[PDB]
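From first to last, the protein sequence lines are chains A and A'. A prime marks a further copy of an entry chain.
The entry's author numbering applies: residue 2 is where the first sequence begins, and numbers increase by one.
The entry's author numbering applies: residue 2 is where the second sequence begins, and numbers increase by one.
The structure appears right after this line, and notes come after that.
Protein chains: 2
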Amino acid sequence: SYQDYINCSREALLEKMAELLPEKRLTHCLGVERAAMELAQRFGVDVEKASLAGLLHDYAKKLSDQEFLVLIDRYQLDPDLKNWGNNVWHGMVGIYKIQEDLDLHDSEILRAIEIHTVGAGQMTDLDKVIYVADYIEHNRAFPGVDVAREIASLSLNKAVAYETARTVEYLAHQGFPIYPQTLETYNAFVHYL
Amino acid sequence: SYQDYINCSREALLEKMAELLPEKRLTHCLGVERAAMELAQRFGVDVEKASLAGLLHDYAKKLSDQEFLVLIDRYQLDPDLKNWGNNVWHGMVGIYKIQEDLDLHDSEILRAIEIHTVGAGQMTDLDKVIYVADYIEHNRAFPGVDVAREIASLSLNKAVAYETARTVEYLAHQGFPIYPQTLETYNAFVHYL
Ligand SMILES: Cc1cn([C@H]2C[C@H](O)[C@@H](COP(=O)(O)O)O2)c(=O)[nH]c1=O
Ligand SMILES: Cc1cn([C@H]2C[C@H](O)[C@@H](COP(=O)(O)O)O2)c(=O)[nH]c1=O
Ligand SMILES: [Fe+3]
Ligand SMILES: [Fe+3]
Ligand SMILES: [Fe+3]
Ligand SMILES: [Fe+3]
């Protein structure tokens, strides 16, 4: 059960999350919980760890910049992090909020949440499940999600590569800064395409 | 004159280059020579250094993989370079071939040629002139070159940003590996957009 990992039941967690998140974001997290379960089952990842990480991945999405900065100092994280924003922080720094609020200590779950946006050059299968589940969950409707979903039914590694290439392409299209760890993921996985 | 920098006259250099390069590539280098002169004049960069660097930037474009690998060992360059290819090498490693062939020692010219493909987080105005001149020279006709040319008439920094964003976007679109120094350029310049 979820109580094996955090300090409350699934039902209690959903009540807490309904306070922290706008409706659309909670629905998203519920979608990721479901997609992560399906992917985990397909690719032989612990379905419970996948479901919980999937539900939690965007828990800290609505923390203020101030709170993230406090957490960076508190946990004496990479000071370069202060150069970034919510996009980078909600996973990379938000894991400390999750740990504080829910007493989550499992290193695999924490890591999967940590790099859910940016990935890493090296990702566990659990990491990959969350990263992909986020992108393909049933509530998303971006153009091309059908292709992501087809790829994810066949290959976890290729789904990671596809998502990362699309994100890097989109950020450059938008003229948005790209976190350097994202490029590590990109170059590590792009061959799978 | 060009003999102030290399071991032969412009006319002799063009004869040497006509041997090393296919016609279309030499015409390109001639275009870059001209565009670099115009940009240098506009932005107060030494027009002669700009013209020569512009003419030379793609000198080593047709060296074999073997030759580049030899040069990497010879000059004991970053061993990670062996993971890449001609795209990275012709500037980054090709500068050593240019130095060998032409006795070029000017650090500013060498550097401008060195990073003409990938840029750097920190670029001199000369570096920037070559990087942009390459993209906007009159022979190029890619969709959107008109926008690059308008930008380059107004702002060198914004032209660098525009080109870098477009290249990162294109490489990710293509599913091609992206050299990490390119991302340094991207993140350094993207604000100018
Ligand atoms: C990978 C990456 C994503 N993003 C953005 C794109 C998304 O709009 C936003 C939220 O990402 P997420 O939903 O995958 O957590 O973060 C960056 O700003 N920089 C990056 O390096
Ligand atoms: C910036 C960059 C360009 N390229 C490619 C795009 C171009 O087709 C090719 C030649 O670039 P150049 O004409 O700007 O020297 O190199 C990469 O492969 N990786 C990179 O990181
Ligand atoms: Fe997220
Ligand atoms: Fe999400
Ligand atoms: Fe080149
Ligand atoms: Fe060129």
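Beta carbons are placed, not taken as given, at the ideal position from N, Cα and C, and that holds for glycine.
Counting only beta-carbon separations shorter than 9 Å, does A'/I179 have a partner in chain A?
Working through the second sequence from its first residue, we reach residue 179 of chain A' at position 178. It does: the Cβ of A'/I179 has a partner Cβ on chain A nearer than 9 Å.
Return no unless some Cβ of chain A' is closer than 9 Å to the Cβ of A/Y187.
Numbered from its first residue, the first sequence carries residue 187 of chain A at position 186. Answer yes: the Cβ-Cβ gap between A/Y187 and chain A' drops below 9 Å somewhere.
Assess contact between the stretch 9-19 of chain A and the stretch 109-125 of chain A, defined as three or more Cβ pairs (one per stretch) separated by less than 8 Å. Is contact present?
no
Considering only C-alpha positions, which residue in the set A/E24, A/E34, A/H29 and A/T28 is nearest to A/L127?
For the purposes of this step, residue 127 of chain A is taken as the residue at position 126 of the first sequence. Closest by alpha carbon: A/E34.
Is it true that the stretch 155-165 of chain A meets the stretch 126-145 of chain A, where meeting means three or more beta-carbon pairs spaced less than 8 Å apart?
yes
Any beta carbon from chain A' within less than 9 Å of A/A160's own beta carbon?
Translated into the one-based positions of the first sequence, residue 160 of chain A becomes position 159. Chain A', which has no Cβ nearer than 9 Å to the Cβ of A/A160, makes this no.
Taking a cut-off of 6 Å, which residues have a beta-carbon closer than that to any heavy atom of ligand 6, in chain order?
A'/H29, A'/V33, A'/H58, A'/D59 and A'/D135
Give a yes or no on whether 9 Å exceeds the smallest Cβ distance from A'/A61 to chain A.
For the purposes of this step, residue 61 of chain A' is identified with residue 60 of the second sequence, where counting begins at 1. No, A'/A61 does not count as interfacial toward chain A.
Which whole-angstrom value is the C-beta distance of A'/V94 and A'/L105, which I expect to be below 8 Å?
Counted from its first residue, the second sequence places residue 94 of chain A' at position 93. Counted from its first residue, the second sequence places residue 105 of chain A' at position 104. So it is not a contact: roughly 14 Å between Cβ atoms.
Since A'/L82 meets chain A, which of its residues come closer than 9 Å, beta carbon to beta carbon?
Taking the first residue of the second sequence as 1, we reach residue 82 of chain A' at position 81. Result: empty, since nearest Cβ-Cβ is about 14 Å, beyond 9 Å.
What number of angstroms, rounded off, separates the C-alpha of A/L157 from the C-alpha of A'/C30?
Along the first sequence, read from residue 1 onward, the residue named residue 157 of chain A stands at position 156. Along the second sequence, read from residue 1 onward, the residue named residue 30 of chain A' stands at position 29. Each residue's Cα considered, the two are about 44 Å apart.
Going by other Cβ atoms of all chains shown within 10 Å of its Cβ, with 16 needed for buried, is A'/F143 buried or exposed?
Along the second sequence, read from residue 1 onward, the residue named residue 143 of chain A' stands at position 142. Exposed, by the Cβ-count rule.
CB contact flag (A'/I152, A'/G55, <9 Å)
For the purposes of this step, residue 152 of chain A' is identified with residue 151 of the second sequence, where counting begins at 1. For the purposes of this step, residue 55 of chain A' is identified with residue 54 of the second sequence, where counting begins at 1. Cβ distance not < 9 Å, so A'/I152 and A'/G55 don't count as in contact.
Assign A'/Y187 to buried or exposed, taking buried as 16 or more other Cβ atoms, counted over all protein chains shown, within 10 Å of its Cβ.
Counting from 1 along the second sequence, the entry for residue 187 of chain A' is found at position 186. Under this definition A'/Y187 is a buried residue.
Would A/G32 pass as a contact of A/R141 if the rule is Cβ separation under 9 Å?
Taking the first residue of the first sequence as 1, we reach residue 32 of chain A at position 31. Taking the first residue of the first sequence as 1, we reach residue 141 of chain A at position 140. Contact: yes.
Closer than 7 Å at the beta carbon, the chain A residues around A'/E170
Here residue 170 of chain A' refers to the residue found at position 169 when the second sequence is read from its first residue. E170, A173 and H174, listed in chain order.
Inter-residue Cα distance where the pair is A'/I179 and A/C9
Numbered from 1 along the second sequence, position 178 holds the residue referred to as residue 179 of chain A'. Numbered from 1 along the first sequence, position 8 holds the residue referred to as residue 9 of chain A. Going from the Cα of A'/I179 to the Cα of A/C9 covers about 44 Å.
So, is A'/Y60 buried or exposed, given that buried needs 16 or more other C-beta atoms within 10 angstroms?
Taking the first residue of the second sequence as 1, we reach residue 60 of chain A' at position 59. The residue in question, A'/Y60, is buried, as its Cβ has 16 or more Cβ neighbours within 10 Å.
Test: residue 1 of chain A CB closer than 9 Å to a CB of chain A':
Because chain A here runs from 2 to 194, residue 1 of chain A falls outside it and cannot be looked at.
According to the Cβ coordinates, are residue 1 of chain A' and A/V169 closer than 9 Å?
For chain A', the structure presents residues 2 to 194; residue 1 of chain A' sits outside this window and is missing.
So within the stretch 57-113 of chain A, which uninterrupted alpha helix (DSSP H) runs reach at least 4 residues, ignoring any that extend past its ends?
66-75, 87-93 and 95-103
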